[PDB]
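Architecture at a glance
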Amino acid sequence: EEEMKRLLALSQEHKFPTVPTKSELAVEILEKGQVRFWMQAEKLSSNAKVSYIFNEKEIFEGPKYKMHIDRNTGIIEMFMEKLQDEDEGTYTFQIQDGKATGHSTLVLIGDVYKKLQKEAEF
């Protein structure tokens, strides 16, 4: 036990409607500037390459970034809090898996993020 923050990123498989593969990209938005990010795949070992693209640069875990990878179910989870309006940018997560792209564009910047935030949490 150490990563308690990881438990906050934990979420159950919910959004089902229309997906080709089982490599699903799930993002849930809270008004507190909270990104709920988790993805799952049907194949784990040597499968599903996820480009963690922020501002067209790949990011790694640190202060503002928190991301882990499960190998028992295939849950790759990331929990974003917030740093600064200047630091927050265009986050583009694309899972390149087979013939399907698990792409999610999530832009949080200044006034821009308050707009999308309130459309989820009103």
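Looking at the entry header, you'll see solution NMR listed as the method.

Before going further, it helps to spend a moment on the sheet that holds strand β5 (residues 67-69). Across the sheet, four strands lie side by side as β1-β2-β6-β5; this open sheet has antiparallel pairing. Each end of this open sheet is capped by a strand with a single partner; those strands are β1 (24-30) and β5. Here the average twist between neighbouring strands, direction ignored, is 10 degrees. Where strand β2 (residues 34-40) lies against strand β6 (residues 76-80), five bridges are found, and the strand directions are antiparallel. Residue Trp 38 lies in a different strand from β6, and its bridge partner there is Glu 77.

Our focus in this paragraph is the packing of aromatic side chains. Counting across every chain of the model gives five aromatic pairs. Relative to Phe 93, the ring of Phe 37 lies with its centre 4.4 Å away and its plane at 40 degrees, an arrangement referred to as tilted. Of this pair, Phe 37 sits in strand β2 while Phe 93 sits in strand β7 (residues 90-97); the two residues are 56 residues apart in sequence, bridging distant segments of the chain. The class for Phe 37 is buried, based on a relative accessible area of 1%. When the centroid spacing of 6.1 Å and the interplanar angle of 55 degrees are considered together, the rings of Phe 54 and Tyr 65 count as tilted. Within this pair, whereas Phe 54 is found in strand β3 (residues 49-54), its partner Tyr 65 is found in the loop between β4 (57-58) and β5, the two being separated by 11 residues in sequence. Comparing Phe 54 with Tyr 65, the two get one shared label, buried. Feature note: the residues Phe 37, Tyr 52 and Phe 93 constitute an aromatic cluster, connected by ring pairs. Above the face of the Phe 54 ring, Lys 64 is positioned so that its terminal group lies 6.0 Å from the ring centre.

It is worth spelling out the pattern of salt bridges at this point. Overall, the coordinates contain nine salt bridges when judged by the stated rule. In this structure, the salt-bridge partner of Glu 88 is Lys 64, at a minimum N-O distance of 2.6 Å. Pair noted here: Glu 88 is in the loop between β6 and β7 and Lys 64 is in the loop between β4 and β5, with a separation of 24 residues, a long-range link. Of the two residues, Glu 88 and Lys 64, both sit in the buried class. In this structure, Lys 114 and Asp 111 form a salt bridge, with 2.6 Å as the shortest nitrogen-oxygen distance. Residue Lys 114 and its partner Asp 111 are located together in helix α2 (residues 110-120), separated by three residues, close to a single helical turn. The network of salt bridges with shared partners includes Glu 3, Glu 61 and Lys 66.

This part takes up the pairing of strand β8 (residues 100-107). Side chains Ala 100, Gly 102, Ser 104 and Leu 106 of β8 all project onto a buried face; the interleaved residues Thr 101, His 103, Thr 105 and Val 107 project onto a face where none is buried. In terms of strand pairing, β7 meets β8 through eight bridges, oriented antiparallel. If you follow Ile 95 over to β8, its bridge partner there is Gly 102. Once β7 ends, the chain turns through two residues before running back antiparallel as β8, passing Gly 98 with a positive phi of about 65 degrees.

Conventions and cut-offs
Residues numbered from 1 in each chain as written, not as in the entry; some residues may be left out. Heavy atoms only, no water. Pairing = 2+ DSSP bridges. Helix = DSSP H or I, 4+ residues; strand = E, 2+ residues; numbered from the N terminus. Axes fitted to C-alpha atoms, helices over the stretch in contact; angles between N-to-C directions. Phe/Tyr/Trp six-rings, centres within 6.5 Å; stacked < 30°, edge-to-face > 60°. Buried < 20%, exposed > 50% of the residue type's maximum accessible area, 1.4 Å probe, protein only. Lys NZ or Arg CZ within 6 Å of the ring centre and 35° of its normal. Salt bridge = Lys/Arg side-chain N within 4 Å of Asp/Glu carboxyl O.

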